[PDB]
Structures are given as structure tokens and as C-alpha cells.
């Protein structure tokens, strides 16, 4: 459970991500794909991308980035009450996309990395801890649905 003050830190920084959702999505996905190239392999739509410059140039990548960040934004603003948001995301990612829970840890590290680059003054260690906690809650709840489904 996050405190209200921890939720506030999380949503203050997220309100800023929301000023340039596409730009954040690019940075986060490039970071993910470069740090963890196995993750790129899950996306038939992106597996032709072989350089950072190709990734930066992809309009569809930027579009998909907005998709993921939008779904995340919606979850975070539930401040833990995200059952309705997670159940379809858990089903498709476990059963259709085949995304290990570990990959959700990887994208969480990428989000934190980028948030830290772009919003130092609104993402000190306190807000980093709160964001960590929120992302772990999301993972924990997803993992429980994976285990139900036998993934």
C-alpha cells in the first residue's frame, strides 16, 4: 500500500510525463529495447528495427509508446484500485503476447531511468521510491493473475 503522500509524488511526476507522452514513450521503449534486446523480439511490429536511429525514426514506435504510457497513466491514477484495468492486460500479456513478469520489471526500470532524465526536480529519491512502489504493486497484482492462469 502506498501512502497518500507517495501517490501524490507519483502523480505529480506523471502529470509532467503527460506534457509530452510521445517523447517519453520513445525514450522509454528505446531504453527497454537497448537494455534488454530479448524484449524487442516479442514485437513482430518492431523486430525489423536494428539501430537506435531506426527506432527513433519509427512513427509506429512513437504511436505504440503513447498507447502503453496511456494505459499506465490510467492505472496509476486509480491509486491501487486497478482491478478493472489489470484483468484484460494480464490475460493478453500472459496468454497472447507471452510477456514474462521479468519484462514488466525491465520496462519499470526504463520508466524510472527516463523519468529521472527528464524531471530531475520533480523526481528526486523520494518520488523515485514512490514510483518504484507503484510499479511493484502493478507487477505484484499482474503476477497473481499470471499464477492463476498458470504462467
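In PDB author numbering, the protein residues as written are 1 to 151.
Virtual Cβ for every residue (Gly too), placed ideally from N, Cα, C.
query, result
"Let's see if you can read the secondary structure: which residues bound the alpha helix (DSSP H) around residue 88?", "83-92"
"Hey, does residue 70 have any beta-carbon neighbour from chain C nearer than 7 angstroms?", "Protein chains in the displayed structure number just one, and chain C is not present."
"Using 8 angstroms as the Cβ pair cut-off and three pairs as the minimum, do the stretch 76-88 and the stretch 28-39 touch?", "no"
"Using the three-state DSSP reduction, which class does residue 139 fall into: helix, strand or coil?", "helix"
"Contact defined as beta carbons within less than 8 angstroms: I believe residue 80 pairs with residue 137. What is the distance between those atoms, to the nearest angstrom?", "6 angstroms"
"Kindly give me the distance between the Cβ atoms of residue 13 and residue 113, rounded to whole angstroms, as I take these residues to be in contact under 8 angstroms.", "Not quite, the Cβ-Cβ distance comes to about 13 angstroms (not below 8 angstroms), so this is no contact."
"Can you tell which of 44, 127, 75, 109 has the C-alpha that lies nearest to the C-alpha of residue 141?", "75"
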